[PDB]
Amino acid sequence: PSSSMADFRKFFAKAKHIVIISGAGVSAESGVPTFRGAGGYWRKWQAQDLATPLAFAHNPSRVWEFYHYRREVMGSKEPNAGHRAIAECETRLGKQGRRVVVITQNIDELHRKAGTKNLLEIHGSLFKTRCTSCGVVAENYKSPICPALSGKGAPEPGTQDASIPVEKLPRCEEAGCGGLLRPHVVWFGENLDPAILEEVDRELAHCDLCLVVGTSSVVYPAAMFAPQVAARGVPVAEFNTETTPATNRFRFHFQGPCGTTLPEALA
């Protein structure tokens, strides 16, 4: 792949429909750990061992402790230069009749906070619940989400489980339902929303430039989106602190923190 910023910017000048795919690396500079770097451990586990319906089936208190911790940490976090460059790019191009869409694997909502409008949150949101009984999806920013979680979620190895009885975890308040809530987050082994996937496929099929930013490109189906676009002959530029298994499929690779490279690229 080319590291020519000038060649990328020639495509960027002409592009009518840009898809920006992001992962946890785009939020690293807001002081939010990635999943596979740092930093990624919560007590003894990584996200892949907790973000699963089997963890939730057999220890919903532990899974809730993890998501609670993340919710409370994320409340104080701010968009960084990469999130702003992405939002500002969308705004500026929109006034020219040019489309920019963000397809994010992040559930942190920082793209929303940055000012991105055309946002596809393909793994859900830290700040939404879904009821395991009635299926209702609700926005939830309550701190703490339920009283039993107050002061819980401490991330240090050696921290004891809160072991909250299931009745005292977050419960559904729709129509007296009372059902156990889960995070409205896509877990390993679970299907992404088919309606979201249909929107993604239409953006990928019609875009004429693609950036893939801060993702390890190992989680599917997301990891195949930018390669799909590249394989149509459309230029794809990867922005990452390192190379990934997808790097060689792409037209461009810009190594470095995306809070530096994205403002330059999208200027």
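When you see a residue number, it is the position in the sequence shown, counting from 1.
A38, present in the displayed chain, goes without coordinates in a third or more of the other PDB entries compared that cover both sides of it. Stretches 19-27 and 241-249 differ in mean C-alpha B factor, with the higher average recorded for 241-249. Stretch comparison (216-224 versus 60-68) by mean CA B-factor in the PDB entry places 216-224 on top.
Between the residues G179, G124, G82, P147, the entry's highest C-alpha temperature factor is the one at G179. Of the candidates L110, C134, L119, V186, the PDB record gives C134 the highest C-alpha temperature factor.
Per-chain ranking of the deposited C-alpha B factor places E90 in the lowest third.
Among all modelled residues in its chain, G158 ranks in the highest third by Cα B-factor. Per the PDB record, residue ranking by Cα B-factor puts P165 in the middle third of the chain. Sort the chain's modelled residues by C-alpha temperature factor and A55 lands in the lowest third, per the entry. When all modelled residues of the chain are sorted by CA temperature factor, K77 is found within the middle third.
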